file model-v2.tsv (TSV, C-alpha atoms)
chain	number	residue	atom	x	y	z
A	1	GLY	CA	105.95	-138.36	86.06
A	2	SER	CA	104.85	-135.57	88.30
A	3	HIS	CA	107.05	-132.58	88.86
A	4	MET	CA	104.71	-131.02	91.33
A	5	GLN	CA	102.60	-133.17	93.67
A	6	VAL	CA	101.58	-131.10	96.61
A	7	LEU	CA	100.28	-132.53	99.88
A	8	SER	CA	98.75	-130.62	102.76
A	9	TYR	CA	101.03	-130.39	105.72
A	10	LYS	CA	99.12	-133.13	107.60
A	11	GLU	CA	99.24	-135.39	104.59
A	12	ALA	CA	102.92	-134.75	104.18
A	13	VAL	CA	103.41	-135.85	107.78
A	14	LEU	CA	101.34	-139.06	107.36
A	15	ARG	CA	103.31	-139.80	104.24
A	16	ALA	CA	106.56	-139.26	106.03
A	17	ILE	CA	105.50	-141.66	108.73
A	18	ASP	CA	104.81	-144.24	106.04
A	19	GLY	CA	108.48	-143.65	105.03
A	20	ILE	CA	109.68	-143.90	108.54
A	21	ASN	CA	107.97	-147.28	108.95
A	22	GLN	CA	109.36	-148.46	105.68
A	23	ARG	CA	112.98	-147.72	106.59
A	24	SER	CA	112.70	-149.02	110.15
A	25	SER	CA	113.63	-152.50	111.37
A	26	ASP	CA	111.17	-152.44	114.31
A	27	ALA	CA	108.70	-155.36	114.52
A	28	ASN	CA	105.63	-153.16	114.66
A	29	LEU	CA	104.04	-150.34	112.73
A	30	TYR	CA	104.27	-146.89	114.40
A	31	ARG	CA	101.45	-144.49	113.94
A	32	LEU	CA	100.96	-140.71	114.45
A	33	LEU	CA	100.13	-140.04	118.07
A	34	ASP	CA	100.39	-136.16	118.43
A	35	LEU	CA	101.35	-133.62	115.72
A	36	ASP	CA	102.67	-130.36	117.17
A	37	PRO	CA	100.75	-127.35	115.95
A	38	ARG	CA	102.62	-124.70	113.92
A	40	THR	CA	102.04	-121.13	110.61
A	41	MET	CA	103.48	-121.45	107.17
A	42	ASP	CA	104.70	-119.16	104.42
A	43	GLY	CA	103.02	-120.71	101.35
A	44	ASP	CA	105.77	-121.99	99.17
A	45	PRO	CA	105.58	-125.81	98.62
A	46	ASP	CA	109.17	-126.52	97.76
A	47	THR	CA	110.70	-125.08	100.93
A	48	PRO	CA	111.13	-127.40	104.02
A	49	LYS	CA	108.44	-126.96	106.68
A	50	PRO	CA	109.30	-127.68	110.30
A	51	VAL	CA	107.60	-130.74	111.80
A	52	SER	CA	107.63	-132.29	115.23
A	53	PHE	CA	105.31	-135.02	116.44
A	54	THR	CA	105.16	-138.31	118.29
A	55	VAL	CA	104.45	-141.75	116.98
A	56	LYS	CA	103.43	-144.83	118.96
A	57	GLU	CA	103.82	-148.54	118.38
A	58	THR	CA	100.68	-150.35	117.14
A	59	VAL	CA	99.68	-154.02	117.25
A	60	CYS	CA	100.29	-154.27	113.52
A	61	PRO	CA	103.47	-155.71	111.97
A	62	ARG	CA	105.69	-153.07	110.49
A	63	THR	CA	105.05	-154.41	106.98
A	64	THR	CA	101.22	-154.75	107.40
A	65	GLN	CA	99.20	-153.44	104.58
A	66	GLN	CA	96.34	-152.54	106.92
A	67	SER	CA	95.69	-148.78	106.98
A	68	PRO	CA	97.42	-147.26	110.05
A	69	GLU	CA	94.02	-146.10	111.35
A	70	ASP	CA	93.13	-149.81	111.46
A	71	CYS	CA	96.13	-150.49	113.68
A	72	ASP	CA	95.30	-150.06	117.31
A	73	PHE	CA	98.05	-148.53	119.51
A	74	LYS	CA	99.68	-151.23	121.63
A	75	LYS	CA	99.02	-151.11	125.32
A	76	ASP	CA	102.23	-149.78	126.86
A	77	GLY	CA	103.38	-148.95	123.35
A	78	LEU	CA	106.74	-147.24	122.67
A	79	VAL	CA	106.36	-143.59	121.76
A	80	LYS	CA	109.08	-141.91	119.72
A	81	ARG	CA	109.33	-138.12	119.18
A	82	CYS	CA	110.14	-137.19	115.58
A	83	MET	CA	111.72	-133.93	114.56
A	84	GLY	CA	112.77	-132.47	111.22
A	85	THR	CA	111.07	-131.17	108.10
A	86	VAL	CA	108.70	-132.25	105.41
A	87	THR	CA	108.53	-130.91	101.91
A	88	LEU	CA	104.94	-130.38	100.74
A	89	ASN	CA	105.95	-131.02	97.15
A	90	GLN	CA	106.45	-134.79	97.18
A	91	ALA	CA	107.61	-134.75	93.51
A	92	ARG	CA	111.19	-134.45	94.55
A	93	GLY	CA	113.26	-134.28	97.75
A	94	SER	CA	111.78	-135.88	100.82
A	95	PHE	CA	111.29	-135.44	104.46
A	96	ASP	CA	114.21	-135.15	106.81
A	97	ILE	CA	112.99	-136.52	110.16
A	98	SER	CA	114.61	-138.36	112.99
A	99	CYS	CA	112.50	-140.37	115.47
A	100	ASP	CA	113.82	-141.00	118.98
A	101	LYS	CA	112.32	-142.97	121.86
A	102	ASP	CA	114.58	-140.97	124.30
A	103	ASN	CA	113.46	-137.52	123.23
A	104	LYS	CA	110.70	-137.12	125.82
call {"tool": "encode", "arguments": {"input": "model-v2.tsv", "output": "structure tokens"}}
result
Amino acid sequence: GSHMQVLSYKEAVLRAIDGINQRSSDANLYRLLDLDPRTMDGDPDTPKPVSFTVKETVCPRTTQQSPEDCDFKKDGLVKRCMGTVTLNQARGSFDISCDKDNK
């Protein structure tokens, strides 16, 4: 269907994290911890820089609980994620690498 489904930048990031959890083989669900602030140009099909951290929650990676319902684990791993999102979800996708050693 859609050829143009545009998310806000924050939504695009939450959606990418959903993706990142989906492709991962970690036991637990990771959740947005801190999104770095950045200013955009206003075209939805061009990649927007993102960088942010995620932290391990007490939820199983495949939980269907909403991430906001998944408490961060005490002592939880934090990974820093860098790359781009594309606001137009319709096509293309984010390009983000998460790394526990990028601190």
call {"tool": "closest_atom_pairs", "arguments": {"input": "model-v2.tsv", "of": "segment 66-100 of chain A", "to": "segment 36-52 of chain A", "cutoff": "7 Å", "atoms": "only C-alpha atoms", "output": "CSV"}}
result
residue,atom,partner,partner_atom,distance
A:82,CA,A:52,CA,5.5
A:83,CA,A:52,CA,4.5
A:84,CA,A:51,CA,5.5
A:85,CA,A:50,CA,4.5
A:86,CA,A:49,CA,5.4
A:87,CA,A:48,CA,4.9
A:88,CA,A:45,CA,5.1
A:89,CA,A:45,CA,5.4
call {"tool": "residues_around", "arguments": {"input": "model-v2.tsv", "residues": "residue 64 of chain A", "least_positions_apart": "5", "cutoff": "12 Å", "atoms": "all atoms listed in the file", "output": "PyMOL selection string"}}
result
chain A and resi 18+21-22+27-30+58-59+69-71
call {"tool": "write_last_selection", "arguments": {"input": "model-v2.tsv", "atoms": "C-alpha atoms", "output": "PDB file, keeping the file's coordinate frame"}}
result
ATOM      1  CA  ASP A  18     104.810-144.240 106.040  1.00  0.00           C
ATOM      2  CA  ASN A  21     107.970-147.280 108.950  1.00  0.00           C
ATOM      3  CA  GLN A  22     109.360-148.460 105.680  1.00  0.00           C
ATOM      4  CA  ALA A  27     108.700-155.360 114.520  1.00  0.00           C
ATOM      5  CA  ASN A  28     105.630-153.160 114.660  1.00  0.00           C
ATOM      6  CA  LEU A  29     104.040-150.340 112.730  1.00  0.00           C
ATOM      7  CA  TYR A  30     104.270-146.890 114.400  1.00  0.00           C
ATOM      8  CA  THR A  58     100.680-150.350 117.140  1.00  0.00           C
ATOM      9  CA  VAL A  59      99.680-154.020 117.250  1.00  0.00           C
ATOM     10  CA  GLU A  69      94.020-146.100 111.350  1.00  0.00           C
ATOM     11  CA  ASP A  70      93.130-149.810 111.460  1.00  0.00           C
ATOM     12  CA  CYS A  71      96.130-150.490 113.680  1.00  0.00           C
TER      13      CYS A  71
END
call {"tool": "atom_distance", "arguments": {"input": "model-v2.tsv", "atom1": "atom CA of residue 56 of chain A", "atom2": "atom CA of residue 93 of chain A"}}
result
25.6 Å
call {"tool": "closest_residue", "arguments": {"input": "model-v2.tsv", "among": "A:80, A:3, A:72, A:62", "to": "residue 23 of chain A", "atoms": "only C-alpha atoms"}}
result
A:62
call {"tool": "atom_distance", "arguments": {"input": "model-v2.tsv", "atom1": "atom CA of residue 103 of chain A", "atom2": "atom CA of residue 78 of chain A"}}
result
11.8 Å
call {"tool": "atom_distance", "arguments": {"input": "model-v2.tsv", "atom1": "atom CA of residue 101 of chain A", "atom2": "atom CA of residue 61 of chain A"}}
result
18.4 Å
call {"tool": "build_atoms", "arguments": {"input": "model-v2.tsv", "residues": "segment 83-101 of chain A", "atoms": "N, CA, C and O atoms", "output": "PDB file, keeping the file's coordinate frame"}}
result
ATOM      1  N   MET A  83     111.433-135.326 114.817  1.00  0.00           N
ATOM      2  CA  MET A  83     111.720-133.930 114.560  1.00  0.00           C
ATOM      3  C   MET A  83     112.347-133.837 113.197  1.00  0.00           C
ATOM      4  O   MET A  83     113.119-134.687 112.870  1.00  0.00           O
ATOM      5  N   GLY A  84     112.051-132.758 112.449  1.00  0.00           N
ATOM      6  CA  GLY A  84     112.770-132.470 111.220  1.00  0.00           C
ATOM      7  C   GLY A  84     111.896-131.597 110.300  1.00  0.00           C
ATOM      8  O   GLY A  84     111.289-130.629 110.745  1.00  0.00           O
ATOM      9  N   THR A  85     111.853-131.942 109.023  1.00  0.00           N
ATOM     10  CA  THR A  85     111.070-131.170 108.100  1.00  0.00           C
ATOM     11  C   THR A  85     110.371-132.097 107.147  1.00  0.00           C
ATOM     12  O   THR A  85     110.822-133.269 106.922  1.00  0.00           O
ATOM     13  N   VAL A  86     109.280-131.580 106.585  1.00  0.00           N
ATOM     14  CA  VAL A  86     108.700-132.250 105.410  1.00  0.00           C
ATOM     15  C   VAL A  86     108.785-131.290 104.276  1.00  0.00           C
ATOM     16  O   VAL A  86     108.922-130.116 104.526  1.00  0.00           O
ATOM     17  N   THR A  87     108.656-131.798 103.048  1.00  0.00           N
ATOM     18  CA  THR A  87     108.530-130.910 101.910  1.00  0.00           C
ATOM     19  C   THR A  87     107.174-131.216 101.280  1.00  0.00           C
ATOM     20  O   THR A  87     106.894-132.377 100.948  1.00  0.00           O
ATOM     21  N   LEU A  88     106.339-130.190 101.172  1.00  0.00           N
ATOM     22  CA  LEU A  88     104.940-130.380 100.740  1.00  0.00           C
ATOM     23  C   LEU A  88     104.870-130.944  99.344  1.00  0.00           C
ATOM     24  O   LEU A  88     104.062-131.860  99.075  1.00  0.00           O
ATOM     25  N   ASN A  89     105.757-130.434  98.491  1.00  0.00           N
ATOM     26  CA  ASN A  89     105.950-131.020  97.150  1.00  0.00           C
ATOM     27  C   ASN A  89     106.720-132.342  97.196  1.00  0.00           C
ATOM     28  O   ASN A  89     107.952-132.358  97.295  1.00  0.00           O
ATOM     29  N   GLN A  90     105.966-133.434  97.075  1.00  0.00           N
ATOM     30  CA  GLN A  90     106.450-134.790  97.180  1.00  0.00           C
ATOM     31  C   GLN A  90     107.298-135.134  95.976  1.00  0.00           C
ATOM     32  O   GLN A  90     108.062-136.110  96.031  1.00  0.00           O
ATOM     33  N   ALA A  91     107.113-134.379  94.879  1.00  0.00           N
ATOM     34  CA  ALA A  91     107.610-134.750  93.510  1.00  0.00           C
ATOM     35  C   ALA A  91     109.102-135.127  93.526  1.00  0.00           C
ATOM     36  O   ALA A  91     109.624-136.001  92.744  1.00  0.00           O
ATOM     37  N   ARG A  92     109.765-134.451  94.458  1.00  0.00           N
ATOM     38  CA  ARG A  92     111.190-134.450  94.550  1.00  0.00           C
ATOM     39  C   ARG A  92     111.579-134.059  95.992  1.00  0.00           C
ATOM     40  O   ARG A  92     110.793-133.407  96.710  1.00  0.00           O
ATOM     41  N   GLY A  93     112.793-134.458  96.387  1.00  0.00           N
ATOM     42  CA  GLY A  93     113.260-134.280  97.750  1.00  0.00           C
ATOM     43  C   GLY A  93     112.431-135.195  98.639  1.00  0.00           C
ATOM     44  O   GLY A  93     111.555-135.954  98.150  1.00  0.00           O
ATOM     45  N   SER A  94     112.704-135.181  99.933  1.00  0.00           N
ATOM     46  CA  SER A  94     111.780-135.880 100.820  1.00  0.00           C
ATOM     47  C   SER A  94     112.000-135.343 102.198  1.00  0.00           C
ATOM     48  O   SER A  94     112.805-134.428 102.412  1.00  0.00           O
ATOM     49  N   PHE A  95     111.273-135.919 103.109  1.00  0.00           N
ATOM     50  CA  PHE A  95     111.290-135.440 104.460  1.00  0.00           C
ATOM     51  C   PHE A  95     112.678-135.733 105.032  1.00  0.00           C
ATOM     52  O   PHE A  95     113.487-136.533 104.495  1.00  0.00           O
ATOM     53  N   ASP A  96     112.960-135.029 106.096  1.00  0.00           N
ATOM     54  CA  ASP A  96     114.210-135.150 106.810  1.00  0.00           C
ATOM     55  C   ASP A  96     113.849-135.180 108.311  1.00  0.00           C
ATOM     56  O   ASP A  96     113.646-134.165 108.947  1.00  0.00           O
ATOM     57  N   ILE A  97     113.662-136.381 108.847  1.00  0.00           N
ATOM     58  CA  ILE A  97     112.990-136.520 110.160  1.00  0.00           C
ATOM     59  C   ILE A  97     113.732-137.611 110.901  1.00  0.00           C
ATOM     60  O   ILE A  97     114.056-138.629 110.359  1.00  0.00           O
ATOM     61  N   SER A  98     114.011-137.367 112.143  1.00  0.00           N
ATOM     62  CA  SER A  98     114.610-138.360 112.990  1.00  0.00           C
ATOM     63  C   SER A  98     113.622-138.618 114.112  1.00  0.00           C
ATOM     64  O   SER A  98     113.102-137.649 114.701  1.00  0.00           O
ATOM     65  N   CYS A  99     113.379-139.926 114.380  1.00  0.00           N
ATOM     66  CA  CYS A  99     112.500-140.370 115.470  1.00  0.00           C
ATOM     67  C   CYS A  99     113.317-140.948 116.615  1.00  0.00           C
ATOM     68  O   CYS A  99     114.244-141.728 116.358  1.00  0.00           O
ATOM     69  N   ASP A 100     112.952-140.632 117.850  1.00  0.00           N
ATOM     70  CA  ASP A 100     113.820-141.000 118.980  1.00  0.00           C
ATOM     71  C   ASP A 100     112.976-141.287 120.194  1.00  0.00           C
ATOM     72  O   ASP A 100     112.321-140.370 120.735  1.00  0.00           O
ATOM     73  N   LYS A 101     113.033-142.545 120.646  1.00  0.00           N
ATOM     74  CA  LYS A 101     112.320-142.970 121.860  1.00  0.00           C
ATOM     75  C   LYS A 101     112.799-142.213 123.128  1.00  0.00           C
ATOM     76  O   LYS A 101     112.033-142.062 124.101  1.00  0.00           O
TER      77      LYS A 101
END
